[PDB]
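*Asks:* Can you read through this structure? Questions will come right after.
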Amino acid sequence: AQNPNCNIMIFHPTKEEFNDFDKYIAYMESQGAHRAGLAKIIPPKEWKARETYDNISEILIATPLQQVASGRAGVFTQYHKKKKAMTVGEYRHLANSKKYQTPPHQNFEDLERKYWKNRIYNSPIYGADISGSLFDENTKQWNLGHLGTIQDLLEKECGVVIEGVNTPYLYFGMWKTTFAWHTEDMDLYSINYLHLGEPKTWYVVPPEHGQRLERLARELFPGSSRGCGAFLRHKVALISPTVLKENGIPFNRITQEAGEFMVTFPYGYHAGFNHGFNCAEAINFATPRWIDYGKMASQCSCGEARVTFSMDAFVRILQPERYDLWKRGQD
Ligand SMILES: O=C(O)CNC(=O)C(=O)O
Ligand SMILES: [Mg+2]
Ligand code: NI
Ligand SMILES: [Zn+2]
């Protein structure tokens, strides 16, 4: 078995190997990359996402989210308070202000220490889940707005045609902005490209050990657990590496820098934070190996998780027994 310790692997494809996306994901899995739940892909030196980022300030963040924490430094939840619209230019200025900027630090490890120590005492503002793309239409390789769709994958594997579309999202972050512990909708893969700015630190639990994370989460967030049998779908809970180590939960960590891709694999729980002002683009995708994970994915039916139009068909086809109850939660 390849990568039996479930380490995060880093890949360096040649320009030739960067031509066929599906084939390269399949290659990575042949090397055991999926066991970690997360892989880094460094694009060939000849590749670029677009010519420059000079003209992005007029993008609108229609609903910036202030991430308010409750709990203790290592075990907290966050809620999102909606703020008034601002442009990326305005947001970047806010991120760089004395109230919100990255503090002096020695290295990534010192910054990670300061994150876990101090996150709960501040409320950073996140421009998340903005439909759109920063890839140039002429970028042919690993252009997240030109991937084959999940609906076409399901049709090719299962023979059923379904409604729905699949488009990318932009994330504008600042120091301390946080992504809570989650897997993707329907335990899909995700791919994330860090277009510009400061790094993003990731934490991930191997898919084979996801249930260990879920059990700890039920112990640490006991009222949440009673309210819903899949409350990590709400994307609100944070657990520090210290706490995970104290409870013997297997995980790994890695920092993504501008110009690098990360891939999350089906049922790979992940969480993390941004180091300073940045802009990432991400999209879900599927492969044939995903189908069985889709069939087994947990679902939130309490009504909190509220997701996209396209998830309907996935639940309807892959999880027909669940469909009625899940849709009651959606409506
Ligand atoms: O970048 C973020 O804030 C969150 N991204 C992801 O969870 C992802 O790409 O799967
Ligand atoms: Mg613009
Ligand atoms: Ni994710
Ligand atoms: Zn729920």
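Swiss-Prot numbering applies to chain A: residues 11-341, in that order.
Header says: X-ray crystallography, 1.7 Å.
Each residue, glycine too, has its Cβ placed from N, Cα and C.
The domain 'JmjN' annotation in Swiss-Prot covers 18-60. The polyADP-ribosyl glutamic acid annotation in Swiss-Prot covers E26, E27 and rests on experimental evidence. What Swiss-Prot lists as 2-oxoglutarate binding site is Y136, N202, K210, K245, and the listing cites similarity to another entry. The domain 'JmjC' feature in Swiss-Prot is assigned to 146-312; the stated evidence is sequence analysis. The Fe cation binding site feature in Swiss-Prot is assigned to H192, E194, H280. Annotation comment: Swiss-Prot describes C238, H244, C310, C312 as Zn(2+) binding site.
Help me see these features in their spatial surroundings.
*Replies:* Under 8 Å from some Cβ of the domain 'JmjN' (18-60) lie the Cβ atoms of residues 11-12, 144-146, 149, 151-153, 157-158, 199, 203, 205, 212, 214-218, 262-264, 266, 269-280, 297, 299, all in the same chain and six or more residues away from its ends.
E26 (polyADP-ribosyl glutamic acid) counts 8 other C-beta atoms within 10 Å of its own C-beta, drawing on all protein chains shown.
Proximity of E27 (polyADP-ribosyl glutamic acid) to non-local residues of its own chain (separation of 6 or more, Cβ distance below 8 Å) is seen for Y34, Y37, given in sequence order. Reduced to three states, the DSSP call for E27 (polyADP-ribosyl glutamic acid) is coil.
Less than 8 angstroms from the CB of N202 (2-oxoglutarate binding site) sit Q266, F271, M272, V273, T274, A290, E291, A292, each of them six or more residues away in the same chain.
There are 22 other Cβ atoms within 10 Å of the Cβ belonging to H280 (Fe cation binding site).
In this structure, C238 (Zn(2+) binding site) belongs to neither helix nor strand by DSSP; it is coil. The number of other Cβ atoms within 10 Å of the Cβ belonging to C238 (Zn(2+) binding site), over all protein chains shown, comes to 19.
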*Asks:* Please list the DSSP helix, strand and coil residue counts for the domain 'JmjN' (18-60).
*Replies:* 14 helix, 7 strand, 22 coil
*Asks:* Report the nearest neighbour of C238 (Zn(2+) binding site) in space among the binding-site residues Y136, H192, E194, comparing Cα positions.
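*Replies:* Smallest Cα separation from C238 (Zn(2+) binding site) among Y136, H192, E194: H192.
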*Asks:* What is the total of other Cβ atoms whose distance to the Cβ of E194 (Fe cation binding site) is within 10 Å?
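*Replies:* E194 (Fe cation binding site) is surrounded by 21 other Cβ atoms within 10 Å.
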*Asks:* Other than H192, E194, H280, which residues of the chain come within 8 Å of the Fe cation site, judged by Cβ distance to the Cβ centroid of those residues?
*Replies:* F189, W191, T193, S200, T274, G278, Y279
*Asks:* Of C310, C312, the binding-site residues given in the record, which has the fewest other CB atoms within 10 A of its CB?
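*Replies:* Comparing Cβ neighbours within 10 Å for the binding-site residues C310, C312, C312 has the fewest.
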*Asks:* Translate the DSSP assignment of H244 (Zn(2+) binding site) into the three-state scheme.
*Replies:* helix
*Asks:* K245 (2-oxoglutarate binding site) has how many other Cβ neighbours within 10 Å of its own Cβ?
*Replies:* 16
